[PDB]
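Every heavy atom of this structure was used, including side-chain atoms; hydrogens, water molecules and symmetry mates were not. Numbers restart at 1 for each chain; the letters A, B, ... are given by sequence-line order, proteins then strands.
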Amino acid sequence: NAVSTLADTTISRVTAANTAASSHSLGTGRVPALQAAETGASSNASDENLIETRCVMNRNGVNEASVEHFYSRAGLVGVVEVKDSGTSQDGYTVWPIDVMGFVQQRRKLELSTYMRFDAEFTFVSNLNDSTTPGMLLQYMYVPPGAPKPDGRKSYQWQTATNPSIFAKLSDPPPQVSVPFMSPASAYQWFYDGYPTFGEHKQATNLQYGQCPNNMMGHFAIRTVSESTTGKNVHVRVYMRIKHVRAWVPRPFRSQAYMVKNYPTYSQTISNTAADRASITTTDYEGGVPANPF
Amino acid sequence: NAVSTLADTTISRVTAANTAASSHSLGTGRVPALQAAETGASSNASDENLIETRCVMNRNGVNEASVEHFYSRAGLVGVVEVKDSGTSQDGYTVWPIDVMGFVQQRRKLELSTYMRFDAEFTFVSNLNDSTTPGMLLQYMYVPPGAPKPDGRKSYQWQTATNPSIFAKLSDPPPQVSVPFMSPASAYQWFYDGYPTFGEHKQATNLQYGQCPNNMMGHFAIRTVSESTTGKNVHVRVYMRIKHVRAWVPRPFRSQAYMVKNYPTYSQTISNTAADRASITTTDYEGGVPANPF
Amino acid sequence: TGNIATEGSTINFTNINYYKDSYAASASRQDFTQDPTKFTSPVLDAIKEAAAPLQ
Amino acid sequence: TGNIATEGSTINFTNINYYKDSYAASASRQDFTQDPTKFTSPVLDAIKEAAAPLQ
Amino acid sequence: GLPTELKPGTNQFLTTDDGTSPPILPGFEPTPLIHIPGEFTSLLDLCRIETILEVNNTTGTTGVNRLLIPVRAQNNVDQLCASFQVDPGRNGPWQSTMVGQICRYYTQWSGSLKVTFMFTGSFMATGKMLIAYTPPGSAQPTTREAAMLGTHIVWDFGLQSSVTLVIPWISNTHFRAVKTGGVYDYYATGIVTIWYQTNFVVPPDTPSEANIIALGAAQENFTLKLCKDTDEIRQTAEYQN
Amino acid sequence: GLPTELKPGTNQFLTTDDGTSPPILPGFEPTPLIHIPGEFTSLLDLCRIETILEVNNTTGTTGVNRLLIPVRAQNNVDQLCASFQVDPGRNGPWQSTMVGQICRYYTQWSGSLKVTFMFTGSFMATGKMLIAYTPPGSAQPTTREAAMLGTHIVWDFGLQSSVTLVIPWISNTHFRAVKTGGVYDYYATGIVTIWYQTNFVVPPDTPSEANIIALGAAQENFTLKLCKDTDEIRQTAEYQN
Amino acid sequence: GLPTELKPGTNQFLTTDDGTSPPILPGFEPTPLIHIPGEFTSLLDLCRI
Amino acid sequence: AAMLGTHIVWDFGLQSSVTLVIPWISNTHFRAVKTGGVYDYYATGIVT
Amino acid sequence: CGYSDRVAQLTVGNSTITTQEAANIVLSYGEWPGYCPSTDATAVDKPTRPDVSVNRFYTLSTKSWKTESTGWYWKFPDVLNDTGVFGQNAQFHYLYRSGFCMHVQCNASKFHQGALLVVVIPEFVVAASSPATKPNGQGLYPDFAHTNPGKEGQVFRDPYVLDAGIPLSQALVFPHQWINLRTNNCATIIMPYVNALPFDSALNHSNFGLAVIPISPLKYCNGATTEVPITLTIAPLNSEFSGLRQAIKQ
Amino acid sequence: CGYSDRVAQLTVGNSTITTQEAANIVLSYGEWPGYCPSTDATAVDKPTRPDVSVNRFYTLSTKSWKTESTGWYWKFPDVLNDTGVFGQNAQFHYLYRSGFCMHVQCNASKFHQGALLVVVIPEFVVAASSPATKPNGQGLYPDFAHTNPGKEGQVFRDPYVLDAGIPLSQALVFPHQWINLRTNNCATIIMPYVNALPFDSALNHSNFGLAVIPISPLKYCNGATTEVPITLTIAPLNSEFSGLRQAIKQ
Ligand SMILES: CCCCCCCCCCCCCCCCCC(=O)O
Ligand SMILES: CCCCCCCCCCCCCCCCCC(=O)O
Ligand SMILES: CCCCCCCCCCCCCC(=O)O
Ligand SMILES: CCCCCCCCCCCCCC(=O)O
């Protein structure tokens, strides 16, 4: 029944491609080595045709180079500072939900052009001294067009419909599942166009590349208090993508990022490969040659 | 079904070898006592052939002298001090993952030459006064070649892919399962060779005996803070080997260890056996002999 | 045939959804697919290994 | 036939893996093997107990 | 059921824990999924694409010039044209390939690699090149006679402009660590040197200097293991854009 | 299901608790296991190997000399050649054996032990030795007539250089404690003394002094119980290498 | 399963609670039980003396 | 140098004799009995 | 056969492209361009399919390849958004969808040499390089000329990073083909409609970028013809326009 | 039979070892040396098996046993890494695997006495003893001479701890055999390939250590021959080399 279903739930081992034994091929007409990169196709040549191979029954597992496994790992996507001391005694902050803020997660996600995933969001919250007192905090997801709070105690924190999460800093970090929320059929890290009609003749073309299909509202975070607590709270937001489909692979970014929502690079072009003295120089000592033949 | 499966899960009693009743053997030709240690084989002689035995149906259990049971016990493998006071106000530490640091665990594991096991790692963390306040800590496993953090707040703590564990000192100790992580088919506590080709003509032959098949990266541990907390944190790391296979048994170490990754002993050779006055001296008073025959 | 690195299967009470929304479920990583051709050999005329590609 | 040290078997809800990775499972200690010969009698000519070993 | 006891690991947050969390939006139905071309489900599919090796990663060379191995008519036979190590992790020509960049997201790798060399001289230019692969023991061969003793292909320029040197998986271990240098030179894969088998011969009124473009990839038996964060990108601190 | 109540033992960390912990690496497949010779699955297999007893553990004797029982042509019959107690736990000749070192990792032990004595005089040397085992009640026999009343073997030197004294399991209890001395002399196993049954006789131009090498092990009925940490190794403190 | 809520009586230690506790010694087999005369299983047997 | 050729290690014991079979390792099917000069072409070898 | 024929003929609408050095044709992601199915279709307006009128080869831009030329790119459908009946259908309608057949024609004698990588980059977001001096240089956002070059195309300033901060070396991940003057003289990339949405505005959004980059520079001996042109010819396939209104130009 | 015959003949390749006092042959871990199976094999290069050329008895080292001699050890395949065709195959190739047949020959008259323990220690990591005076004495790491003695072998300085901090008494756990001049005069240990990896570099890594230690010292009366040699003869079995390149010596 559903018992047999639980039995076959452990991730099974898919092995890599085996090698077959091969011998010498002294004939004309058959040329596996010769390819044509011009055609745009990768070489079809196997080890067995270029050299004499033995039979290897390869048992190495490939299950971990999956878009599921690659991306199903929580990474820092935002740090919200709930300032309630000195000049900033607001005791609330509204943080625009974007995942393009930190390199490690940004660069992974930008391997794809389009991605459709559910995410799991964890809120690791603490004070300046890494201490977690019994201090109550409200995390309210504000979808695009929901009114954003303008004060510590405003009507917007009633949350009749907005999903919110009450937790103490003292408690283990809050976590929630979020669905694939997007008008478009998949998210889209690169949008080559403008969201509005117009002629786009501005000394600063900000609008270029900004698709609102991705912009998924704000998280409003406050300390549920009556007055200034005199304490700042750091909220590290961790996103773990799941149920992930990805389309159209792209080159991994080489240049350091400069701004959040725009691919832009310093005019100093850092080379993709770390340079060396000459094209015939390798950094490997090796052993003492037996016949110096 | 899977119900019958749960029924037969309690560790069953395997008994030790029974003794059979034996009588006198006054014949030539049959000599169980006589052996030949020179052949390299242990004596094959049984109690029943050397003396007159009774029938004993031995019910003593042997299930606990297994490599599973012997090693499936958490032992101290590391103490990481997260210094954040006085001269050392880093508030982070990167600890090289090695299990050869403490005698009790080292000596057990070095009974084998090769071992393949999954391990379970527990982090007992506290302050100098053995107190556990609500202080948030990040334990990040940094596999070999993953960038190691160089500061309390560096980009390396985003953990897009590195597995990390957030816990408060206040919480019960963090625990995680770790797989058999090694390029080689088993781990190897003794490697009789050098990891690189060369001639090895250094006044200090450090490279000898160091196989990177064992070196399994670092754990980076920080207090998730903005500034010096002025408090040092001790992290006792406890490793419980499991799913354990072991090959090629070796002598238990006699000499005291001196360094972590090198079998080296003081020129003062401590004898394996505690010495006594003479070869015919035993420390046992016994009783008053009836006929002093 | 798991990642246990020794003989043993045990009992697998895992991959359970406790919520009426199915997107609340654990990462769907039961299935692995490897179709590389759409990127490595996207040409119309499939080229055999032996034959010289352009003639 | 357990280590209970008295008559009783009860019900055994144990050895359950709650994770998709099988290496997350509890110590595999259902099976005990005792093959000592590979270390105690590794010689080619097996020697009977009775017979004087070298002749 | 009701009698429970919490074990170690409670109230912890493991980032790579695959678990359930309560959903924030009851009854939410996501947008229908339409068919999009070019879905990929595996990163080993991405590793089997030929991408350009930056073999000319030298002090002077800049921009697209770093992707070209220069070749020319030689006065002297058996001079070394270029040379590069074939461990994807190592800082060097492999950094510019998709395979080299995906390897740096993993700790250990296995299986045959694949270098395709496309010559881009004039039609009238002819020549032969010995592309030898030396297994880990040895240094970079100083003469062509040293190199020919390793896995090599002699490549003749003709209508087919490309050739493929499959670098076979010759390792003691089932998996090499991506990290190299220091004690980790235990997993050094080897060196690939390109020698002139004969000279680069052109007729009059033809350029006597051309380029070879090396394209690195991985074979079907290629595998990765132990996802880790990459070295290859850096922002200043935890609080940046 | 939902209504639960935590019992004592929550939030505790028992080191010897066999439990599950969340895995740190989803979908990780370990290196394939190849066949390696000499797999052992039990430490009782390791106890049934003969290893040398340090019977000559005396003030003066040093290095390999501690592993040799000296023997010689005697002017006087029935002198005591050597003597050792046969409780593996006790500080003494058993410490040098694999069985003695594995016992110190357990609290209680049971079953027959096994001492093999190999003589290493010249071929021309002959002799007989009475190897007696005295059960726990008595002191070390002062004369051979006292010893002969216990489990003994008379051993004749010939082509077969070895003999085996099986020490039978004669205990009141099913298991003896490894710890001995004090009230724990309740579990004393006994003494094994070696007497000259006849003299060590050699012809002219032959060494008149030789050695016996004692090899201790355990029999098939040998069992251990209650894994504990050993006494046998010590570092200075909790913070050391 | 995963959604649980603790009821009163949590984190308490009732001395006469009959419960399970984690064992301190994996795979431990106790000494075999031999036959001993004069086993008693009830204290009403002791009252009828 | 010698151990690299066809050899027998001979232990003295009750059996007083041993046999070194010199195997027929020749380029030709037959060697000429006459040796010395150009006829050292058929030299059989040395036994040390 | 098991080999790609050198000689090839491409006939769409009332236009035919003949090439005698075709190094095979790339079909991007191994999928043919097709009309939007009923299931993927979201918009209820009946979509006009002009067929031959819009589905035909348009020869838009010819460029002179020089020894120091750094490369050119175009944005589809931006390149064709003002040319032929396609242009008019694209201005008169809101929603748009089609795949295309790229064909870059570059011949030179057997005594010239050089390699052009021709690559179709979906969602080619042109970056702007900011000078090291100022963190927010005015050239942090690329002006409309760079994002939408139109028919004339735009010269790469940094072709090494494909003017997008991604290495050109790894651009071979996208559907690509080389023009080695040694072997071939044309590059054909059939590309299906690739977008998260089934229909998009032709004017506002560019589905693909068409990039021709000289990897190996063009070299030749004194006496050969210095002028070596590179011509872009594009044929929309299975074009479908919807949401008819007043013609809007960009 | 149920008894080991005294007289025994060992013939591998073009070499034969005859012994009239063989105390049986030890087969380490009750497993015969065999070629790497397809399933365990990781490396795709076809492995050369030179057979008789490399698989034969090599008599490498003879040592003079004295009353105060403390013992000798060798490292396999280090001992043979420069001798015969094996040496050349081991230098010319990267990966290496073989088991071996050890045979230690030590005869003396029926009027000499002494015992040699001959033991094969897998992964024999030679330690360096540091003098009590300084905690980090320069002799904390053993120099290359001690770790890789080669053909000539190395004299034990502390044979009681087998120069590795492990008691010699418990060395009998490893495959071992005694040479009692009373009973026998040869010790034969057939050893299969024991390593975590299916193939390893012959030059960098030593699979096994061959240790001959005099437990009972050699003693004899005035008039007997003082010179009593101990000879090591090793025959590689099922040798398999792979990854051919330029010959490298250590
Ligand atoms: C109270 C907290 C509830 C959690 C709600 C989380 C909602 C998150 C929306 C989904 C995140 C993925 C889309 C990210 C796209 C932004 C990228 C960008 O355009 O810069
Ligand atoms: C965040 C914490 C996650 C836990 C990750 C643990 C990773 C441990 C690696 C496996 C440990 C066993 C190998 C030890 C070998 C080191 C011995 C040595 O060579 O000195
Ligand atoms: C709580 C009951 C859960 C039952 C889960 C299924 C267990 C089936 C028993 C066999 C173990 C699974 C793997 C196998 O089929 O070998
Ligand atoms: C939650 C239901 C778990 C069921 C576990 C199996 C129990 C079977 C009943 C018998 C007890 C096991 C030992 C036996 O077979 O005697």
For a 4.5 angstrom cut-off between non-hydrogen side-chain atoms, does B/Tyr265 reach J/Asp158? yes
Considering residues, nucleotides and ligands other than B/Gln267, do more than 12 of their heavy atoms fall under 6.0 Å from its CD? yes
Structural part of B/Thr268 lying under 4.5 Å from a heavy atom of chain J: side chain
Is the number of heavy atoms from other residues, nucleotides or ligands under 6.0 Å of J/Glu152 CD greater than 12? no
Report, by ascending residue number, the residues of residues 126-135 of chain J in heavy-atom contact with chain B at a distance under 4.5 Å; give 'none' if the set is empty. J/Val126, J/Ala127, J/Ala128, J/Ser129, J/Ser130, J/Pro131, J/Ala132, J/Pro135
Drop me the distance from J/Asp143's CG to B/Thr204's OG1, to the nearest 0.5 angstrom. 11.5 Å
Counting only heavy atoms not in B/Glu52 (residues, nucleotides, ligands), do more than 12 fall under 6.0 Å from its CD? yes
Measure distances from B/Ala184 to the heavy atoms of chain J and classify the residue's part below 4.5 Å as side chain, backbone, both or neither. both
Heavy-atom cut-off 4.5 Å, strictly under: side chain, backbone, both or neither for J/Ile121 against chain B? side chain
Is J/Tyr94 close to chain B through its backbone or its side chain, or both, or neither, when contacts mean heavy atoms under 4.5 Å? side chain
Please classify the contact between B/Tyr114 and chain J as side chain, backbone, both or neither, with a heavy-atom cut-off of under 4.5 Å. side chain
Apply the ring-ring contact (aromatic ring centres under 6.0 Å, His included) test between J/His205 and each candidate in B/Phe190, B/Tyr191, B/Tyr194; give the one that qualifies. B/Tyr191
Top of J/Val125, J/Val173, J/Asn204 for chain B proximity - count of heavy-atom pairs under 4.5 angstrom: J/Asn204
Is it true that the side chains of B/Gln188 and J/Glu123 contain a donor and an acceptor less than 3.5 Å apart? yes
All heavy atoms of B/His200 vs all of J/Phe144, minimum pair found to be O-CB, 3.5 Å
Contact winner vs chain B - J/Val119, J/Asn24, J/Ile189, J/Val194, heavy-atom pairs under 4.5 Å: J/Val194
Nearest 0.5 angstrom please: B/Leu111 CG to J/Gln170 CD, how far? 9.5 Å
Region of B/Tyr262 that comes under 4.5 Å of a non-hydrogen atom in chain J: side chain
Any sub-3.5 Å donor-acceptor pair from B/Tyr187's side-chain atoms to J/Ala196's backbone N or O? no
B/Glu38 and J/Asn180: side chain donor to acceptor below 3.5 Å: yes
So do the side chains of B/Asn271 and J/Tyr160 get within less than 4.5 Å of each other, counting heavy atoms only? yes
Which pair of heavy atoms, one from J/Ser201 and one from B/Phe197, lies closest together, and at what distance? OG-CZ, 3.2 Å
Heavy-atom pairs under 4.5 Å with chain B: which of J/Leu140, J/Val118, J/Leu203 has the most? J/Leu140
Atom CE of B/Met215: over 12 foreign heavy atoms under 6.0 Å: no
Measure distances from J/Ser28 to the heavy atoms of chain B and classify the residue's part below 4.5 Å as side chain, backbone, both or neither. neither
Find the distance between CZ (J/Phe124) and OG1 (B/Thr113) and round it off to the nearest 0.5 Å. 12.5 Å
Straight-line distance of B/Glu110 CD to J/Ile166 CD1, nearest 0.5 Å: 9.5 Å
For chain J, which residues of residues 248-260 of chain B have at least one non-hydrogen atom nearer than 4.5 Å to it? B/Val248, B/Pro249, B/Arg250, B/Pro251, B/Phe252, B/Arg253, B/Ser254, B/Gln255, B/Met258, B/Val259
Should we say atom NZ of J/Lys249 is surrounded by more than 12 heavy atoms from elsewhere, each under 6.0 Å from it? yes
Take B/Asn213 and J/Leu197 through the side-chain contact (heavy atoms from CB on, under 4.5 Å) test and state the conclusion after the steps. CA-CA 10 Å; B/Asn213 287 330; J/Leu197 307 167; 3.9 Å; yes
Please classify the contact between J/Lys75 and chain B as side chain, backbone, both or neither, with a heavy-atom cut-off of under 4.5 Å. side chain
Atom group of B/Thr196 that falls short of 4.5 Å from chain J, counting heavy atoms: backbone
Under a 4.5 Å cutoff for heavy-atom pairs, which residue among J/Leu117, J/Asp163, J/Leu172, J/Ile179 has the most contacts with chain B? J/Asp163
Best-contacting candidate, J/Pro142, J/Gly165, J/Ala145, J/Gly139, against chain B by heavy atom pairs under 4.5 angstrom: J/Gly165
Centroid separation under 6.0 Å, is that true for the rings of B/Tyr208 and J/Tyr141? no
Supply the atom-to-atom distance J/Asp40 CG to B/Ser185 OG, rounded to the nearest 0.5 angstrom. 8.0 Å
Counting only heavy atoms closer than 4.5 Å, note whether J/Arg157 contacts chain B via side chain, backbone, both or neither. side chain
Select one option (side chain, backbone, both, neither) describing which atoms of J/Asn136 are under 4.5 Å from chain B's heavy atoms. neither
Please look at B/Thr272 and chain J and tell me whether the side chain, the backbone, both or neither of the residue comes under 4.5 angstrom of a heavy atom of that chain. both
